[PDB]
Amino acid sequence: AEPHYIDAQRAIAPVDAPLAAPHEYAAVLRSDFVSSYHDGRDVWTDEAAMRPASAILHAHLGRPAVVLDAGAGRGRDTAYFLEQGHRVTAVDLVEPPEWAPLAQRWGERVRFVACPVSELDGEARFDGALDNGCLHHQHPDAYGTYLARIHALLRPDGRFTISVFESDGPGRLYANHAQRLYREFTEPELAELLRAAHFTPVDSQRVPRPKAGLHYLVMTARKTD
């Protein structure tokens, strides 16, 4: 494992020190994202390679439905889903100014919540859920509770689409200069994680990130029977 650029601006290096506890990490996590969005360093928002994941989830739904956008950012994917006729709930640690014009365009068809995914209450409220680059920044000790919440929020025939950094070789854990964590996955590793969280993968796609010289791994799953 060696340091490498993960996006236009940020180099990430393998973690070697002991990880901050999940409680302290949640603060490191929010701090980097609010600074990145404030500064306009959310280079993922306009990355072309980020667009296929939402179309992939819709393809697995096949009809207008009720969709959770987990870690929705500025709302690009939320807008995409709303244009397909979905009712969308968009959730993020950081509320960007773009949520207001989205609310003005789509009215009651969109709901925004500025909270952690883990805070979302309810069960069996969604037909689909999109995680477009959120899970792979969580504390590893929080993967299970994060995925369990998504699992509980989906209806029995729900579909979950998740996009992660694809690893070259066995995936490892990295951190950026702000100490935000980055996990890269191989397809077997991501499939193993979803299966352990009681999801059954039904699709996976290697989405090129041409300007970054990398790939996203975009996997779609149903609940395990």
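A residue's number is simply how far along the shown sequence it sits, counting from 1.
K.L.:
With reference to the PDB entry, specify whether the mean Cα temperature factor is higher for 122 to 130 or for 73 to 81.
P.N.:
In the deposited entry, the stretch with the higher C-alpha B-factor mean is 122 to 130.
K.L.:
Output the stretch having the higher mean C-alpha B factor in the entry; the candidates are 94 to 102 and 141 to 149.
P.N.:
For C-alpha atoms only, the mean B-factor is higher in 141 to 149.
K.L.:
If you check the C-alpha B-factor for each of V28, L57, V67, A48 in the entry, which is highest?
P.N.:
It is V28.
K.L.:
Against its chain's modelled residues, does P18's Cα B factor rank lowest, middle or highest third?
P.N.:
According to the entry, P18 has a C-alpha B-factor in the chain's highest third.
K.L.:
Can you work out whether the C-alpha temperature factor of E184 puts it in the lowest, middle or highest third of the chain?
P.N.:
Within its chain, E184 is a middle-third residue by C-alpha B-factor, going by the deposited values.
K.L.:
Classify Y37 as lowest, middle or highest third according to the C-alpha B-factor given in the PDB entry, relative to its own chain.
P.N.:
Its C-alpha B-factor, which the entry lists for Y37, ranks in the middle third among residues of this chain.
K.L.:
Ranking every modelled residue in this chain by its Cα temperature factor as given in the entry, which third contains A114?
P.N.:
Highest third.
K.L.:
Of the three thirds of its chain by CA temperature factor, lowest, middle or highest, which one includes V218?
P.N.:
Ranked within chain, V218 CA B lands in the lowest tercile.
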